[PDB]
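Accompanying notes for the structure given below.
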Amino acid sequence: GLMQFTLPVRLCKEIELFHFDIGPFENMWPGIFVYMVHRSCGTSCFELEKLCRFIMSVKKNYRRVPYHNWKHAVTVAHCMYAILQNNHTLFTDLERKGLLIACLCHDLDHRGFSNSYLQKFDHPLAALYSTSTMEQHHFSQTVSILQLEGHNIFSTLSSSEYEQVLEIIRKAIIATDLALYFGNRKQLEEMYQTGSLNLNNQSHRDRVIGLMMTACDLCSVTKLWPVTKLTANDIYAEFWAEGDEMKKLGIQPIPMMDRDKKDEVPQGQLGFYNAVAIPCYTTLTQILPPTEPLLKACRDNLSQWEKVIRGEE
Ligand SMILES: CN(C)C(=O)c1cnn(C)c1C(=O)Nc1ccn2cc(-c3ccccc3)nc2c1
Ligand SMILES: [Cl-]
Ligand SMILES: [Mg+2]
Ligand SMILES: [Zn+2]
Numbered sequence: 458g459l460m461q462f463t464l465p466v467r468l469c470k471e472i473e474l475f476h477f478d479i480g481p482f483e484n485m486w487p488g489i490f491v492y493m494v495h496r497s498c499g500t501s502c503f504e505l506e507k508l509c510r511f512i513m514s515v516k517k518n519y520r521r522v523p524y525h526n527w528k529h530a531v532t533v534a535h536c537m538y539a540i541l542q543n544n545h546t547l548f549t550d551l552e553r554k555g556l557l558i559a560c561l562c563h564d565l566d567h568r569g570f571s572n573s574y575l576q577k578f579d580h581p582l583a584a585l586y587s588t589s590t591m592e593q594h595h596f597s598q599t600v601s602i603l604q605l606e607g608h609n610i611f612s613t614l615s616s617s618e619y620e621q622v623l624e625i626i627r628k629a630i631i632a633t634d635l636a637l638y639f640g641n642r643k644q645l646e647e648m649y650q651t652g653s654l655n656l657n658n659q660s661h662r663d664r665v666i667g668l669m670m671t672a673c674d675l676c677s678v679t680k681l682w683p684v685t686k687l688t689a690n691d692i693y694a695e696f697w698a699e700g701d702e703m704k705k706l707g708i709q710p711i712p713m714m715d716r717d718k719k720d721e722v723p724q725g726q727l728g729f730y731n732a733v734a735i736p737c738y739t740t741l742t743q744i745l746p747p748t749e750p751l752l753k754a755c756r757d758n759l760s761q762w763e764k765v766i767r768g769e770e
């Protein structure tokens, strides 16, 4: 009970900031996650023996891929930790528990390929889950790991509290399907602009949690430029292997996944920032003002990509 996780001073202080990078030491990441749960939720919410065993099983089921890996899981969790901790009063007890766990599990057993490619390949998962294919898989993995003996970190919840948390986790994970982001943000934009936004309406909270999940998932765009730039190399390493795989099916891939169009990445980034990233963080700061520091870092990174196009780096 009285065994609190502590971080070295620099991490203890910087972990609280939105732009914290979790570092290149793999074996410190589970520690960093528990630290965040204990501070965000409390030292009671999970039994440590069960929580440590769940983290290590989750870790085992992320694959050694360039981007969609264990580091991404912990990184996405840290961004949510920072939102929760800057918006203390807005979230329930179940929400703080479920969301750190959703984020850690939100890409479980990712193979480094898009839903689109799974469909063009005719992968069996595309047959089982016709929309949001990889995301329904991520949740299915999350449930299977909770059901391993001694892994049920939610064991002490009541049947209704347990069903509520699993439902928060499912919705949270499905929302990381970027194909669903566009409509969600639009509705939230509309509801914020007409004053209809009501955090006591559950369908409204669901949408706000969705937008949070997108924001945590895209959060490489909110880091220090050198983090943002080097993460982009890993992101493209996956895109370009997917394009290779597309060309093996006799399909010309989109420029994003064509390593031949490597020259045009900078412009492709400006489009992603304007089309996806900046709208996401703008709407999130409208709804939750203390997340403004994500919008500001994202705008700085847009300007860094513009300095790349102009030949200033
Ligand atoms: C994980 N994921 C799915 C992401 O989208 C994601 C998450 N974080 N970040 C930073 C991204 C990301 O890079 N998005 C995009 C989206 C469209 N593009 C188009 C091009 C492009 C076009 C022409 C030429 C060369 C490249 N490049 C991109 C990149
Ligand atoms: Cl606190
Ligand atoms: Mg995903
Ligand atoms: Zn992700």
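For what it's worth, PDB author numbering labels the leading residue of the sequence shown as 458, then goes sequentially. C-beta atoms are modelled at their ideal positions from N, C-alpha and C, and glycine is treated no differently.
Measuring from the CB of residue i, is there a heavy atom of ligand 3 at a distance below 8 Å?
i           : result
residue 674 : yes
residue 563 : yes
Output yes or no for whether 9 Å exceeds the beta carbon distance between residue i and residue j.
i           : j           : result
residue 667 : residue 649 : no
residue 708 : residue 577 : yes
residue 634 : residue 677 : no
residue 502 : residue 554 : yes
residue 642 : residue 736 : yes
residue 679 : residue 723 : no
Once the 5 residues before and after residue i are set aside, which same chain residues still bring their CB inside 8 Å of it?
i           : result
residue 630 : 559, 562, 563, 592, 595, 596, 599, 670
residue 491 : 462, 505, 508, 509, 512
Between residue i and ligand 4, is the CB less than 8 Å from at least one heavy atom?
i           : result
residue 688 : no
residue 533 : yes
residue 525 : yes
Looking only at its chain, what residues have a beta carbon closer than 6 Å to the beta carbon of residue i, apart from the 5 residues adjacent to it on each side?
i           : result
residue 543 : 747
residue 759 : 730
To which residues of the same chain is residue i closer than 7 Å at the C-beta, ignoring the five residues directly before and after it?
i           : result
residue 551 : 618, 621, 622, 625
residue 538 : 493, 497, 557
residue 582 : 575, 590, 594
Quick one, which of the options has its alpha-carbon nearest residue i's?
i           : options            : result
residue 468 : 475, 458, 479, 461 : 479
residue 681 : 656, 647, 752      : 752
residue 646 : 743, 717, 720      : 743
residue 511 : 465, 763, 603      : 603
residue 458 : 504, 764, 491, 768 : 504
residue 529 : 725, 685, 741, 721 : 685
residue 673 : 527, 515, 532      : 532
Can you find a heavy atom of ligand 1 that lies under 8 Å from the Cβ of residue i?
i           : result
residue 494 : no
residue 719 : yes
May I ask you to check if the CB of residue i is nearer than 8 Å to at least one heavy atom of ligand 2?
i           : result
residue 542 : yes
residue 529 : no
key: Cβ contact (3+ pairs, closer than 8 Å) linking the region 508-526 and the region 728-739   = In short, these stretches do not touch, since the Cβ pair count stays below three.
task = Spell out a yes or no on whether the region 470-488 and the region 563-577 are touching, meaning 3 or more CB-CB pairs, one atom from each, closer than 8 Å.
result = The region 470-488, when compared against the region 563-577, does not touch it at the 8 Å Cβ threshold.
message = Pairs of beta-carbons, one from the region 571-587 and one from the region 694-705, closer than 8 Å: are there three or more?
response = The count of Cβ pairs closer than 8 Å, one atom from the region 571-587 and one from the region 694-705, reaches three, so the stretches are in contact.
query = Counting pairs of Cβ atoms below 8 Å between the region 684-700 and the region 652-663, do you hit three or more?
reply = Counting C-beta pairs closer than 8 Å gives fewer than three between the region 684-700 and the region 652-663, which falls short of the contact rule.
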